[PDB]
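*Asks:* Pasting a structure here, questions to come.
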Amino acid sequence: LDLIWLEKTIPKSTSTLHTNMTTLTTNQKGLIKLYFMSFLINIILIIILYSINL
Amino acid sequence: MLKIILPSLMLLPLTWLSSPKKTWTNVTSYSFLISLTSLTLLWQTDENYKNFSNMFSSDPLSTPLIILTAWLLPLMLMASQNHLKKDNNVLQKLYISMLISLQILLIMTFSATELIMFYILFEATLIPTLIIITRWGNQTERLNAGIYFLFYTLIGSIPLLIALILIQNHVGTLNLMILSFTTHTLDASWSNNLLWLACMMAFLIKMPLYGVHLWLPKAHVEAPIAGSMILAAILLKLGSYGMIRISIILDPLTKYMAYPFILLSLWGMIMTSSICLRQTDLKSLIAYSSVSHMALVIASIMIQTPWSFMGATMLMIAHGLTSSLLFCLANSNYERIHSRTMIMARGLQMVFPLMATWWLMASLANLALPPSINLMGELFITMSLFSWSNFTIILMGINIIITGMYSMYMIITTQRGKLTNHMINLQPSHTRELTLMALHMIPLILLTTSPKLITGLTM
Amino acid sequence: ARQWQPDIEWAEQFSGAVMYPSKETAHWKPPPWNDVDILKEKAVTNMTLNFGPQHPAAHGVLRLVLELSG
Amino acid sequence: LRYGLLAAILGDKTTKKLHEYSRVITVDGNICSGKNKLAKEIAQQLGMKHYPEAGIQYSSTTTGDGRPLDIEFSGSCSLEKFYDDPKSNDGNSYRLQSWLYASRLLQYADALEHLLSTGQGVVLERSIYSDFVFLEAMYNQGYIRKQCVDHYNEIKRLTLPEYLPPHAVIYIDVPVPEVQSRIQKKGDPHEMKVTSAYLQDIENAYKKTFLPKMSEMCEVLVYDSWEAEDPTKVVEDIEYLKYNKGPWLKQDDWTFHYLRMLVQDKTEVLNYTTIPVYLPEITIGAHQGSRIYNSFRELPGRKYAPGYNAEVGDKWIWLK
Amino acid sequence: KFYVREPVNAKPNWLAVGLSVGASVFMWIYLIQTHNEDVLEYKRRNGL
Amino acid sequence: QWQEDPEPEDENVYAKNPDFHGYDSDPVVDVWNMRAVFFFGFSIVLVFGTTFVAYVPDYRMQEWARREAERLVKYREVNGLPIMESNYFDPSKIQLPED
Amino acid sequence: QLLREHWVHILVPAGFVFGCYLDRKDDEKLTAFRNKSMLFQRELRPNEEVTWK
Amino acid sequence: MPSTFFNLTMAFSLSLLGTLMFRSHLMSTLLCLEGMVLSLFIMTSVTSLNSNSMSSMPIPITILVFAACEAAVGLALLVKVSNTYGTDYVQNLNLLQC
Amino acid sequence: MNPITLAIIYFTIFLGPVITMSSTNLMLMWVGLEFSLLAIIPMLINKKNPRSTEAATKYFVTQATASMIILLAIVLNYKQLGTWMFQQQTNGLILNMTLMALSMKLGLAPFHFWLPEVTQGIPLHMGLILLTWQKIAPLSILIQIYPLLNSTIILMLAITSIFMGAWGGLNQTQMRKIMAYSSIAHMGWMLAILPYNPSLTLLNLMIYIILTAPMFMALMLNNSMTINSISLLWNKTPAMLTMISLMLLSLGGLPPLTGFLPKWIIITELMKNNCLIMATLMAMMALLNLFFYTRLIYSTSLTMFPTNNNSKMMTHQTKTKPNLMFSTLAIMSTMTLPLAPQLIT
Ligand SMILES: CCCCCCCCCCCCCCCCCC(=O)OC[C@H](COP(=O)([O-])OCC[N+](C)(C)C)OC(=O)CCCCCCCCCCCCCCCCC
Ligand SMILES: CCCCCCCCCCCCCCCCCC(=O)OC[C@H](COP(=O)(O)OCCN)OC(=O)CCCCCCCCCCCCCCCCC
Ligand SMILES: CCCCCCCCCCCCCCCCCC(=O)OC[C@H](COP(=O)(O)OCCN)OC(=O)CCCCCCCCCCCCCCCCC
Ligand SMILES: Nc1nc2c(ncn2[C@H]2C[C@H](O)[C@@H](COP(=O)(O)OP(=O)(O)OP(=O)(O)O)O2)c(=O)[nH]1
Ligand SMILES: [Mg+2]
């Protein structure tokens, strides 16, 4: 329980999840072409959200 | 309350303005005087509560915790002033400042009349114990222990803040007496269940509940002696005090919502007592014993019986005293042999007879020898739990058997047996640490003599 | 007996600019201390011009190979 | 710091205070080759400030009381220990080399501040531009390692191009057997235990890297010992030198102002000498660092800022 | 002379000392005067 | 290797100060710290505080509640009243809902 | 010189006196129901002006 | 006027799309910025002329002034980029990821 | 830079946000934004290294594109309503484009990808000037049109800003990138409280500015750009460790620091407006922010990383770098929680 599975369940799994998420979000290539393509996706998504919300 | 808070505040300029050859003496003496001043809160000749101000009040529950904190501050100074002799003067004064700030904030937390101020002082107490554990701890794992402690407490306490703001928006003031008088019965919806969990999980984390208790053993192992004392003797009781304070506005759905936590408490006290039976580290053993005792306190507060509340208060005070005493004895052995291994030092009864007497008395307090307040709290918790359900006596009996087993196992493997004669560095005894053991044991004797002081709110 | 303090390995686990290396970011280097990167010296591409021999200023039979920057 | 943008606006122009002898002249040579006397006489008869070679205790002599501090405060490196055992396993050689480079950097900053503040020329002995010769000699003799060389090159890249090179570089060419004979005549028992391979590595580093690199940006004044050992012909050549190359020509008032601010902020000067590259020859550790730092702080005159130490006679503390 | 170089704080900056002390005194005096005037104005407005 | 200080060895403190009390290295501060801890901890807190707590009167109305209980028992036994009424509140002043 | 070298011993008693004074200030601040409680509503004795201070 | 204004809005949308969808040429990106500027000027000018807002007629000139300052600073930055790398490649302008 | 161009550039940097805040006209607010961008570019590229050139280029094209979208919104509003202010009946598309472009100028997620990169490669004082001064004018523009904005899009921008800021600050070791992701998270909080109570937006902005300024000053003391570089601060400036720890804990929002107050009052106002799910998610990601702050504290203050040999010479030298305004801002950002009713309105 204590040295294996409670550690595997709450704290180590939380730390593993957040480490994976921060790697996935900070895996940027540093290319402003990709950054502006992402910005275009954001613009399109905002327009779609406004158009469906009305 | 201000007459206790203000000179405890003035302890910090005393610490930073005293001579380096007089700092420990002055701060210890004036903290003893602070505790003597704090003894005036026991003057309760009426059924009323000593509401000193609009933000400070005294209680039959809050008063023993305040007195215990004020009494533990000089004992923490005496315990910690040996492993800081080879230390810088400004770092020593900073450590004393951390202890004094802990005492001030804990007194304010117990005397708070408003739950948002209670939460602010809760986190305010969260800070300097983290600083103490991280900075003056010994091994490498103190950083991981501090992270575990800090973020278990924070992830617990954030929904508590959300719930407190919700209750403040719904009612208007978040004042304890106003809530106690204009309590409204919840309609038992999913929103109210989530509100209940939000306002209880912080205190359950800091108690600690079983399954979420993993921060406690490493924090107590890696902490210095004063940090272990303040943790195991005040902060878990702070969680219990928060549970008692917040449980008044959770009717009626605590009746069925208490079910998983009672089971967690009972089976977790059995499991942690088994860990104490098979544990190779003395401070880990004491920490898991603390987990089991606080599991008993959790079960009593969950079942919400007047006998349970009284037993919870008595077990809080008794366990704080005996756990601080056990940690101080273990720290004396650790400062001797520079190890925390359970089996390394064995025949210490031969070399340290009076310290072996203190060990024996501390363990007899731990296994609830009558007529001590340990047995008073444990017995009344057992009575209330058996009233709640007759089948809880099996879990209680197993826990009592394993409790006596690990306590006497600790005594036999640390004092009895043949002496480890290779330990040439066994200094006889310090009058300071013998005084520390006496200052732990004597209040246990006095509270055993008069148990009416620590009965609490219900009786 | 002595309190543990971070040694070279604990001090070196915080340098590498990513703190959590993976396959897609293990090739990264920490930024320079002065933020001035050592770049490869680009070759100067000077324009080469055949001034003359068919030029009014070249006097008819001069092939002035001119290496010009602008 | 009194000097700043306000003082520059009110008028503290370096180009206003320059003259014909506002030059940086660095004298270079081998281990024992006529270098101390030549720089002294050149500075004395040109009216310039003579800076002797930055030793281990340079910062100790230029800060505080000016007495040489204890060795654990001043670098924890010994030249005599380097001479006795150059390949010692503690890492004394590269610690000594890095400490001497930092001392030379501090001395060069001091000389630049003096020149940009007063206009007086400076005659340095063996500035920062001629310390990699010792580094490369140590490396080619196997006394230090490639990681030490890379760390030195990184620190040199971080620090060297922020300053201006000397106006004149004078070199004394003395052959290795003559250097050995002069070392024997000096009679230092530790300095007598040097190798002709190490001396030849110093000379080869000089002739292969130092002389052309300074030739491309300043005036080079190689002399033999007999052209030297008579510091008047050298002074005449310096007088009839024409400085028509180098980055000193393009400097103006505001470039001089920013350079003066850089060289007067000494922590900014030594900022990159303390990069957190954890090389075992130079990294120390928390316990030893705390012990040395606390001892240095309880040294007299070092507990507070200069002017605030009441134990050494500072007054009017409560009014400042 | 202890230090090899003259410190920037060898002598107290008397202009700064005089200006700071005068500013502190002026601010305290102005604070007391405006507090007394505020008390008097509050009394006059509320008839006390 | 990195220039790290070696491990300090804890000396026998009783070797130079055989009357060591656990508080400080020099004997004078040590003995004064011992006297301050004993005097301000045992003498004036564990004795005067214990006496004060012992002479707190009527603590949470114990003896007052006993005396009032005795008075009510005497009154209700000489007047034929029940010792405890089954309803705490009088039913006349409670308005029950109609249905 | 004892006042100069032992001036640090008055800080905690000064804080205690100041805390008692602040408690008295809070007591005289909270006097909206002085002799107005329905439990303790009694007529004033001729030699007193307040029930408690 | 409404068809013309819709076409001008679509012209701005195309120029913004070009700005957001990079190719290798930073100069082409700056040209897309200038096309966005031109569409904004024409929209403001036809709105002012349609509504007879002579008080708001200085606004398009102010737009041109500040946009030309923007283009000037962009050309200076492109000069610095070309001095660094030899080309104006946004794929060369990438070493700030770490 | 000669003092003439220093005065011109710094005066225009000051004048940009001042014109933006004082301007009634949307066009004058826009030209204030243009002033701020154009004036701050040369000080960004002032060090003339390739990283500074890349940072200046990225910042220029990002702010230019966002300003063009702002100008599109202004011109479309002028077409629809004939005026130069979003009064009450301007189109929701126009308002959403204004919000999106101002969020790209501010640098909050998912428009945040340039901010750690621009903050890297520039000197520390320019990072301070950016992350404090450059956000006031876009926030003023957002505050002027607070009842008109769309709460759904604002809350989505805020929650993704706090999430991405927490994760980025968790990953990075460079101090400038850490401060940039801190800026992203705090901008997320400010945007979250923007449509309900802009007074709390201003309060959080002021608390963030007075917390960010001395942290950048303490970085500016030794040019510590790295976790290790700030970790050996005990040998260089041992007296600053306590204030560093207190300011980082205040940035983490721990009581009883005054940095707990903005998160606390923003959560309170969101609870008053019944956005409990958003408030709880924002609070958990704020806990993640506090985690990377706490790791920074462990590196610099609570433990003691190994030092160098030349740090002895640095201790031989003396410094006058920490200015008079450092300690005032540190104290006002550390110990001001009991004045919370005065800090709020
Ligand atoms: C230490 C344990 C941490 C995890 C467990 C924490 C408690 C779990 C149960 C409560 C839900 C989460 C906290 C909500 C706080 C506010 C509660 C409240 O006000 O309830 C009433 C409110 C309802 O509001 P109301 O009461 O006004 O309802 C209106 C009802 N009518 C209309 C009929 C009048 O509940 C909520 O708003 C709950 C929404 C929660 C959404 C977000 C959940 C995020 C995840 C939570 C856990 C994250 C940490 C752990 C991560 C994993 C670690 C391993
Ligand atoms: C029976 C009851 C069941 C129900 C209750 C369950 C919950 C109980 C309470 C939760 C306790 C969580 C404990 C979290 C702390 C432990 C993790 C940890 O310490 O990770 C350390 C690790 C970094 O380790 P590092 O120091 O870098 O390396 C070691 C040597 N160098 O760290 C990492 O790698 C990353 C750490 C990330 C931060 C962790 C703490 C913040 C978590 C935020 C949670 C957000 C929740 C909402 C998420 C979005 C919605 C789904
Ligand atoms: C309140 C919260 C506390 C939190 C921790 C505080 C720590 C610091 C303490 C500082 C000093 C405060 C002491 C507090 C306890 C005071 C004890 C005391 O004097 O109680 C009063 C009691 C008489 O009171 P009384 O009303 O008669 O008792 C109830 C009967 N109706 O008096 C007596 O009966 C006389 C007591 C003194 C005489 C000596 C008694 C010796 C008893 C020997 C017992 C031996 C067996 C012990 C077995 C232990 C097993 C583990
Ligand atoms: N390894 C090493 N030794 C150095 C360095 N700088 C100076 N030294 C040593 C060489 C000599 O033994 C000693 C004194 O240097 P000098 O070149 O001034 O020699 P000295 O004064 O004996 O003779 P001279 O000045 O030539 O007349 O310092 C350095 O960077 N590395
Ligand atoms: Mg010499």
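Just so you know, all these numbers are worked out from the coordinates, no wet-lab data involved. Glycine also receives a Cβ, built like all others from the backbone with ideal geometry; neighbour counts cover every protein chain displayed.
*Asks:* Which of the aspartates and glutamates could a cross-linker bridge to D:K37, judged by Cα under 18 Å and excluding same-chain residues fewer than eight apart?
*Replies:* D:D28, D:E53, D:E125, D:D173, D:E178, D:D224, D:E227, D:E229, D:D230, D:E236, D:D237
*Asks:* Taking only the alpha-carbon atoms of region I:188-345, what semi-axes of the equivalent ellipsoid follow from 5 times the gyration tensor eigenvalues under a square root, in whole Å, largest first?
*Replies:* Its equivalent ellipsoid spans semi-axes of 34, 17, 11 Å.
*Asks:* Now a separate question. Consider just the alpha-carbon atoms of chain A and return their Rg together with their Dmax, both in angstrom.
*Replies:* When restricted to the Cα atoms of chain A, Rg and Dmax are 18.9, 54 Å.
*Asks:* Still on this model: Beta carbons within 10 angstrom, averaged per residue: use that to sort the peptides F:64-76, B:20-32, highest first.
*Replies:* Result, highest mean first: B:20-32, F:64-76.
*Asks:* Within straight cross-link reach of C:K23, meaning Cα distance under 19 Å, which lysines are found once same-chain residues fewer than 8 apart are removed?
*Replies:* Reachable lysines: A:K29.
*Asks:* For n ≥ 4 DSSP H runs only, could you compute -39500 (n - 2.57) per run for chain B, divide by its residues and tell me the 222 nm figure to the nearest 500?
*Replies:* Mean residue ellipticity, 222 nm, calculated: -23500 deg cm²/dmol.
*Asks:* By average Cβ neighbour count within 10 Å, what is the ranking of B:353-361, B:153-161, B:71-79, D:92-100 from highest down?
*Replies:* B:71-79, D:92-100, B:153-161, B:353-361
*Asks:* Okay, next question. Along the charge dipole of the protein assembly as shown, pointing to its positive end and built from +1/-1 on Cβ of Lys, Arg, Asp and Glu, which listed residue (F:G49, B:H220, F:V73) has its Cα farthest out?
*Replies:* F:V73
*Asks:* In degrees from 0 to 90, rounded to the nearest 10, what is the angle of the helix B:353-366 Cα long axis to the longest principal axis of chain B?
*Replies:* That helix lies at roughly 20 degrees to the long axis.
*Asks:* Nearest 500 deg cm²/dmol is fine: what mean residue ellipticity at 222 nm does chain I get from its DSSP H runs of n ≥ 4 alone, each adding -39,500 (n - 2.57), divided by its residue count?
*Replies:* Computed ellipticity for chain I at 222 nm equals -23500 deg cm²/dmol.
*Asks:* Here's something else I'd like to know. Just to be sure I follow: if Rg is taken over the C-alpha atoms of the protein assembly as shown and Rh is the Kirkwood radius over the same atoms, what is Rg/Rh?
*Replies:* Result for the protein assembly as shown is an Rg/Rh of 1.01.
*Asks:* Would you mind ranking F:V53, G:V17 by Cβ crowding within 10 Å, fewest neighbours first?
*Replies:* So the residues, fewest neighbours to most, are G:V17, F:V53.
*Asks:* Report, as an integer, the average count of C-beta atoms from other chains found within 10 Å of each Cβ along D:66-75.
*Replies:* Mean shielding by partner chains, rounded to a whole number: 2.
*Asks:* Here's another thing I want to ask about it. Give me the angle, in degrees from 0 to 90, between the Cα long axis of helix I:260-272 and the longest principal axis of the Cα atoms of chain I, rounded to the nearest 10.
*Replies:* Approximately 30 degrees, to the nearest 10.
*Asks:* Please report B:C276, G:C20, H:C98 as a ranked list, fewest other C-beta atoms within 10 angstrom at the top and most at the bottom.
*Replies:* So the ranking, lowest neighbour count to highest, is G:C20, H:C98, B:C276.
*Asks:* Over chain C, what relative contact order in percent results from Cα pairs under 8 Å that are six or more residues apart?
*Replies:* Rounded, it is 19 percent for chain C.
*Asks:* Packing-wise, with mean Cβ within 10 Å as the measure, how do H:17-29, D:174-186, I:42-54, D:26-38 rank, highest first?
*Replies:* D:26-38, I:42-54, H:17-29, D:174-186
*Asks:* So what's the projected area for chain B, the Cα convex hull averaged over all directions, in nm²?
*Replies:* 20.4 nm²
*Asks:* What's the local net charge at I:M240, with K and R +1, D and E -1, over the other residues with C-beta under 14 Å away?
*Replies:* +3
*Asks:* So, one more: Starting from the Kirkwood Rh over alpha-carbon pairs, what translational D in µm² s⁻¹ does region I:36-190 have by Stokes-Einstein at 25 °C and 0.890 mPa s?
*Replies:* Diffusion coefficient, whole number: 153 µm²/s.
*Asks:* Mean residue ellipticity at 222 nm from the helices of chain D, using -39,500 (n - 2.57) per DSSP H segment of n ≥ 4 over the full residue count, to the nearest 500 deg cm²/dmol?
*Replies:* About -13000 deg cm²/dmol.
*Asks:* Still on this structure, please answer the following. Tell me which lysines have Cα within less than 18 Å of I:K105's Cα, excluding those fewer than 8 residues away on the same chain?
*Replies:* Within the straight-line cut-off, I:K105 pairs with A:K33, I:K58, I:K135, I:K177.
*Asks:* Fewest to most neighbouring Cβ within 10 Å: what's the order for I:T20, B:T129?
*Replies:* Going from sparsest to densest Cβ surroundings: I:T20, B:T129.
*Asks:* Shifting gears a bit: Computed from the mean reciprocal separation of all distinct C-alpha pairs, what Kirkwood hydrodynamic radius does region D:88-207 have, in Å?
*Replies:* 16.0 Å
*Asks:* Let me ask another. If you average over every viewing direction, what projected area does the convex hull of the Cα atoms of region I:86-142 give, in nm²?
*Replies:* 4.2 nm²
*Asks:* Moving on to the next point. Kindly flag which residue pairs out of B:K93/G:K29; D:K40/D:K186; B:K237/B:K418; D:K315/I:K319; D:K87/I:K319; D:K16/D:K315 have an alpha-carbon separation exceeding 28 Å in this structure.
*Replies:* Result: B:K93/G:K29; B:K237/B:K418; D:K87/I:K319; D:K16/D:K315 exceed 28 Å.
*Asks:* How large are Rg and Dmax for region H:2-98 when calculated on the C-alpha trace, in angstrom?
*Replies:* Values for region H:2-98 (Cα only, Rg and Dmax): 16.6, 54 Å.
*Asks:* Below 14 angstrom from the Cβ of I:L221, what's the summed charge of the other residues (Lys, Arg +1; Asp, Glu -1)?
*Replies:* Residues close to I:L221 contribute a combined charge of +2.
*Asks:* Work out the mean other chain Cβ neighbour count within 10 Å for the residues of I:71-80 and drop it here as an integer.
*Replies:* Mean inter-chain Cβ contacts per residue within 10 Å come to 6.
*Asks:* Provide the net charge surrounding C:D37, with neighbours chosen by a C-beta distance below 11 Å and charges set as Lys +1, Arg +1, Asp -1, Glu -1.
*Replies:* After counting each charged neighbour, the total is +1.
*Asks:* Shielding by partners for A:41-48, please: the mean number of other protein chain Cβ atoms within 10 Å of each residue's Cβ.
*Replies:* For this peptide, the per-residue mean of nearby foreign Cβ atoms is 5.
*Asks:* Using the 2.2 N^0.38 Å rule of thumb for compact globular proteins, work out how chain I stacks up: its C-alpha Rg over that value, please.
*Replies:* 1.00
*Asks:* Report, in degrees rounded to the nearest 10, the 0 to 90 angle that the Cα long axis of helix I:3-22 makes with the longest principal axis of chain I.
*Replies:* Once rounded, one gets 50 degrees.
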